[PDB]
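**Q**
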Ligand SMILES: [Cu+2]
Ligand SMILES: [Cu+2]
Ligand SMILES: [Cu+2]
Ligand SMILES: [Cu+2]
Ligand SMILES: [Cu+2]
Ligand SMILES: [Cu+2]
Ligand SMILES: [Cu+2]
Ligand SMILES: [Cu+2]
Ligand SMILES: [Cu+2]
Ligand SMILES: [Cu+2]
Ligand SMILES: [Cu+2]
Ligand SMILES: [Cu+2]
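Protein chains in written order, with UniProt numbering: chain U, 38 to 319; chain E, 38 to 319; chain G, 38 to 319.
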């Protein structure tokens, strides 16, 4: 009786741009002039095909490389396989997804479903080190039929020391009301390992971050080590068993949190108030 | 026919102190003058509520922050939410736990059960870097009804380069007799990633460290990467299939083990002897 | 109808040598003069016993230490337990394995099955830092009855910055034809954490890297953080859903991949061609 994903299998078309931003960053967007860091969420159902008409509006070569989804070598997004895009150029990248199922040999083919991500592979170096650092990364979600759908999805990227390329002490913060079903996509990039920690909430360390029932032995956690290009996701009920509050999330590596890269999960009562949080003190 | 945890649901009261130790460390204890590093184990059943009458006997502010368990924002243990404790002060922290169960929307709420930990959040920095470094950390276990109970529980904390804040070449060692059911709570703190390795024994990488039966596909391991504020636990049968012996455990990062931070799991025959281990050579 | 492992339980005998190589490395082999880095794969069935007649042909002490399998303390491979081997010496190491099963107390004993590894424990330091760095490491696979068997098994070791001790830009590459069932054993050694990434393919994060059916909630991944002495393995169908191609694998830590330690999974059509791969350009 929660909302759930339907069966997939449609062909989808989408336009994407890589742009240099006024402050020197680089971002992806669905419209020229509306690039963001992280780039926009792409969400499909297992079985869907996605044709991305990608335009590089920058003055250097750029590409689009995706984790997890099915792509032929011509949509690798690498210079080696001649899959990047010249300045001002356009290229159609195709990502496919499949449902799980029994193979002819009796084995089980896993589906595409999961929390994934896309990023540049040619800016700065042949592994996209400069593009990733500048902001060319974004999330991808592939739903299995029957997966629970959230009220809202927030993307948190640990990129080197930053969260979502933001300066220390600037969040990002996310807001919810007690009881909302909130989804988090958690991606890591760059040079360092991290440990993602969330106060007041916990999730299962498995594909969906949710336990299906009493037979799932997955660890329930509130702290998870991650490294460059790791992605996972989960859903929580905001404030469940703990109430409204300004619930911190941050990397738990002590020098990293001490740098001031922290955010708040601001869980409100219906009247918008948050116990112990005065907005004028923030 | 092994002992198992009963159904929870009782209200428990406990006193805790933070104290400066004569050697400059800081520790938690259940009694004044009996602080330890790591702090004392707290063990409850899912459904229990714990009211901790906490007294800060130090000359600087200190707090108590817990992973995993349910707490309202007023027991956050952070300065931001005005949840720390002035020098000489007292505060009651409340931790709650819940059993798993079906929500009204048909989804499955995960329970509190697991291997968790508590630590300071305000000594030295606003993330407790100095308190953690000085020794203000300890383990928490939440049992699910029917969980197997051990003969004994040992806590191993990788804190920066140390084990349990001890100097190189000083253990800690733990002792058992062949056949004992031994539980390990494994916590990591500080700045570095580690890989916990145990000779002669292995466990399952899931919630309890134990496989329930033949249908659990979890990896069976003897080596596990960890990062700051990670916690996991497991149970082993001492010497099972391998016999008595001085079984090393250590971080497998080569420069870390080469520093001499290592311990021994001393598994004895009934007569107390250990093959290949002469106590006078140690 | 894929090939599967039979029930184990045989006693096996094998000879192994540690040798200094002409270029200054050190390797294990099954025959004098045929040491390799990584050392040769050892593969057994749960229940098998392996007696290894090990000869150290080097001028320094060396040993053989294994993860995961059952060994008594006399086959620890450590100097502390007098289990290493003098220059020119010989020693028989015994590794045992067991099937999973119900204990007398009603609990479930996990079997030995998994992806494991062996390495030196005394060259350079008392934890084998020099031996490991020089190349004394190799893979071990223990099969459970009914496990799916591959067409071929490839071993990938992240040893400090190198792959299999090879220089940057020298692979190693592995070849397959579209449709082959390919097994990867992935081991990490040394000082650093890594993230193993494979283009165009994905696997399950569980014991076998394969989902048994629709009830397994394990995350499906193409990127995995690892640390020193971690081991895991998986099987993929070469080119499944993605076609022939030169599919990169590499560490995704950006400075590591930028050093040029990368390899190719060269997936061919039957005529041996690879789209977008010209052999003369490589
Ligand atoms: Cu790549
Ligand atoms: Cu961090
Ligand atoms: Cu916390
Ligand atoms: Cu990537
Ligand atoms: Cu915190
Ligand atoms: Cu370590
Ligand atoms: Cu070992
Ligand atoms: Cu913490
Ligand atoms: Cu060891
Ligand atoms: Cu690496
Ligand atoms: Cu990739
Ligand atoms: Cu080892």
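A virtual CB, placed ideally from N, CA and C, is assigned to each residue, including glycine.
#1: At the level of alpha carbons, what is the spacing between residue 249 of chain E and residue 143 of chain G?
#2: How about residue 114 of chain G: is its C-beta nearer than 7 Å to some C-beta of chain A?
#3: Are there three or more Cβ pairs, one per stretch, closer than 8 Å when the region 221-236 of chain E is compared with the region 255-262 of chain E?
#4: Alpha helix (DSSP H) containing residue 40 of chain E: first to last residue?
#5: Just grab the DSSP bridge partners of residue 198 of chain U for me.
#6: Within a Cβ cutoff of 8 Å, which residues of the same chain sit near residue 79 of chain E, ignoring the five residues on either side of it in sequence?
#7: State yes or no: is the beta carbon of residue 230 of chain U nearer than 7 Å to at least one beta carbon in chain G?
#8: Can you tell me the Cβ-Cβ gap for residue 114 of chain G and residue 257 of chain E, rounded? I've got them flagged as a contact below 8 Å.
#9: With a cut-off of 7 Å, does the C-beta of residue 292 of chain E fall near any C-beta of chain G?
#10: Within 7 Å (strictly less), CB to CB, does residue 240 of chain G reach chain E?
#11: For ligand 8, is there any heavy atom lying closer than 6 Å to the beta carbon of residue 55 of chain E?
#12: Grab the span of the beta strand (DSSP E) containing residue 120 of chain E for me, first residue to last.
#13: Residue 81 of chain G to residue 186 of chain E, Cα distance in whole Å?
#14: Going straight from the alpha carbon of residue 280 of chain E to that of residue 301 of chain E, what length do you get?
#15: With DSSP as the reference, label residue 167 of chain G as helix, strand or coil.
#16: With a Cβ-Cβ cutoff of 7 Å, do residue 124 of chain E and residue 96 of chain E count as a contact?
#17: In chain order, which beta strand (DSSP E) runs of at least 3 residues are fully inside the UniProt domain "Plastocyanin-like" (73-182) of chain U?
#18: Apart from the five residues on each side of it in sequence, which residues of its chain come closer than 6 Å, Cβ to Cβ, to residue 44 of chain E?
#19: Apart from the five residues just before and just after residue 136 of chain U, which ones in its own chain have a Cβ nearer than 6 Å to its Cβ?
#20: Could you check whether residue 41 of chain U and residue 90 of chain U sit closer than 7 Å to each other, using their CB atoms as the reference points?
#21: Is the region 210-229 of chain E in contact with the region 276-294 of chain E, if contact means three or more CB pairs nearer than 8 Å?
#22: By the three-class DSSP mapping on this structure, what secondary structure does residue 293 of chain E have?
#23: If I measure Cβ to Cβ from residue 153 of chain E and keep anything under 8 Å in the same chain, skipping five residues before and after, which residues do I get?
#24: Would the C-beta of residue 236 of chain G count as close to ligand 11, meaning under 6 Å from any of its heavy atoms?
#25: Count the other C-beta atoms from every protein chain shown that fall within 10 angstroms of the C-beta of residue 310 of chain E, then say buried if there are 16 or more, exposed otherwise.
#26: If you follow the beta strand (DSSP E) that residue 255 of chain U is part of, which residue opens it and which one closes it?
#27: CA-CA distance, residue 98 of chain G and residue 170 of chain G?
#28: How would you list, in chain order, the residues of chain G whose beta-carbon sits under 7 Å from the beta-carbon of residue 188 of chain E?
#29: Could you name the residues that DSSP lists as bridge partners for residue 274 of chain E?
#30: How should residue 205 of chain U be labelled, buried or exposed, when 16 other C-beta atoms within 10 angstroms of its C-beta is the threshold for buried?
#31: Which residues does DSSP list as the beta-bridge partners of residue 300 of chain E?
#32: Verify the CB distance criterion: does residue 214 of chain U have a CB-CB separation below 7 Å to chain E?
#33: Taking the alpha-carbon positions, what's the residue 333 of chain E to residue 62 of chain U distance?
#34: Cα separation between residue 172 of chain G and residue 160 of chain G?
#35: Could you name the residues, in chain order, whose CB is less than 5 Å away from a heavy atom belonging to ligand 2?
**A** This is what the structure holds:
#1: Residue 249 of chain E sits at position 212 when you count from the first residue of the second chain. Residue 143 of chain G sits at position 106 when you count from the first residue of the third chain. When rounded, the distance between both Cα atoms is 10 Å.
#2: No chain A is present in this structure, whose protein chains are U, E and G.
#3: yes
#4: Taking the first residue of the second chain as 1, we reach residue 40 of chain E at position 3. Where residue 40 of chain E is concerned, there is no enclosing alpha helix (DSSP H), given that its DSSP letter is neither H nor E.
#5: On the first chain, position 161 is the one that residue 198 of chain U refers to. DSSP, once it has assigned bridges, lists no residue as partnering residue 198 of chain U.
#6: The sequence position of residue 79 of chain E within the second chain is 42, counting from 1. These residues qualify, in order along the chain: 51, 87, 155, 175, 176, 177, 178.
#7: Taking the first chain and counting its residues from 1, the one referred to as residue 230 of chain U is at position 193. Interface residue, yes.
#8: Locating residue 114 of chain G in the third chain gives position 77, counting from the first residue. Locating residue 257 of chain E in the second chain gives position 220, counting from the first residue. Not a contact, Cβ separation roughly 20 Å.
#9: Locating residue 292 of chain E in the second chain gives position 255, where the first residue counts as 1. Interface residue, yes.
#10: Here residue 240 of chain G refers to the residue found at position 203 of the third chain. So no, residue 240 of chain G is outside the interface.
#11: Here the question's residue 55 of chain E lines up with position 18 in the second chain. No, ligand 8 has no heavy atom inside 6 Å of this Cβ.
#12: Within the second chain, numbered from 1, the residue matching residue 120 of chain E stands at position 83. Per DSSP, residue 120 of chain E belongs to no beta strand (DSSP E) and is neither H nor E.
#13: Here residue 81 of chain G refers to the residue found at position 44 of the third chain. Here residue 186 of chain E refers to the residue found at position 149 of the second chain. Their backbone Cα atoms lie some 34 Å apart in a straight line.
#14: Along the second chain, one-based indexing puts residue 280 of chain E at 243. Along the second chain, one-based indexing puts residue 301 of chain E at 264. When rounded, the distance between both Cα atoms is 15 Å.
#15: Counting from 1 along the third chain, the entry for residue 167 of chain G is found at position 130. Helix, per DSSP.
#16: On the second chain, position 87 is the one that residue 124 of chain E refers to. On the second chain, position 59 is the one that residue 96 of chain E refers to. Yes.
#17: 79-82, 86-93, 127-133, 151-156, 174-180
#18: Start at 1 with the first residue of the second chain, and residue 44 of chain E comes out as number 7. Counting only Cβ-Cβ distances below 6 Å, and skipping sequence neighbours, we find 182.
#19: Taking the first chain and counting its residues from 1, one reaches residue 136 of chain U at position 99. The residues are 83, 84, 148.
#20: Counting from 1 along the first chain, the entry for residue 90 of chain U is found at position 53. Counting from 1 along the first chain, the entry for residue 41 of chain U is found at position 4. For residue 90 of chain U and residue 41 of chain U, no; Cβs fall outside 7 Å.
#21: yes
#22: Your numbering for residue 293 of chain E matches position 256 in the second chain. Helix, per DSSP.
#23: Working through the second chain from its first residue, we reach residue 153 of chain E at position 116. Once the five neighbours on either side are set aside, the close Cβ partners of residue 153 of chain E are 103, 104, 105, 106, 176, 177, 178, 179, 268.
#24: By one-based count along the third chain, residue 236 of chain G stands at place 199. Because some heavy atom of ligand 11 lies under 6 Å away, the Cβ of residue 236 of chain G counts as near it: yes.
#25: Here residue 310 of chain E refers to the residue found at position 273 of the second chain. Exposed, since its Cβ has fewer than 16 Cβ neighbours within 10 Å.
#26: On the first chain, position 218 is the one that residue 255 of chain U refers to. Note, residue 255 of chain U: premise wrong, no beta strand (DSSP E); not H, not E.
#27: Within the third chain, the letter at position 61 stands for residue 98 of chain G. Within the third chain, the letter at position 133 stands for residue 170 of chain G. Between residue 98 of chain G and residue 170 of chain G, the C-alpha separation is close to 15 Å.
#28: On the second chain, position 151 is the one that residue 188 of chain E refers to. Those do not exist, as residue 188 of chain E stays about 12 Å from chain G at its closest Cβ, beyond 7 Å.
#29: To locate residue 274 of chain E, count along the second chain from 1; it is residue 237. Looking at the DSSP assignment, residue 274 of chain E forms a beta bridge with E:218.
#30: What you label residue 205 of chain U is simply residue 168 of the first chain in a count that begins at 1. When all chains shown are included, residue 205 of chain U counts as exposed.
#31: Residue mapping note: residue 300 of chain E aligns to position 263 of the second chain, counting from 1. According to DSSP, which records beta bridges pairwise, residue 300 of chain E is partnered with E:286.
#32: For the purposes of this step, residue 214 of chain U is taken as the residue at position 177 of the first chain. Not an interface residue.
#33: The displayed coordinates of chain E run from 38 to 319. Any statement about residue 333 of chain E would go beyond what the structure contains.
#34: For this step, residue 172 of chain G is matched to residue 135 along the third chain. For this step, residue 160 of chain G is matched to residue 123 along the third chain. If you take the alpha carbons of residue 172 of chain G and residue 160 of chain G, they lie about 11 Å apart.
#35: U:231, U:288, U:290, U:293
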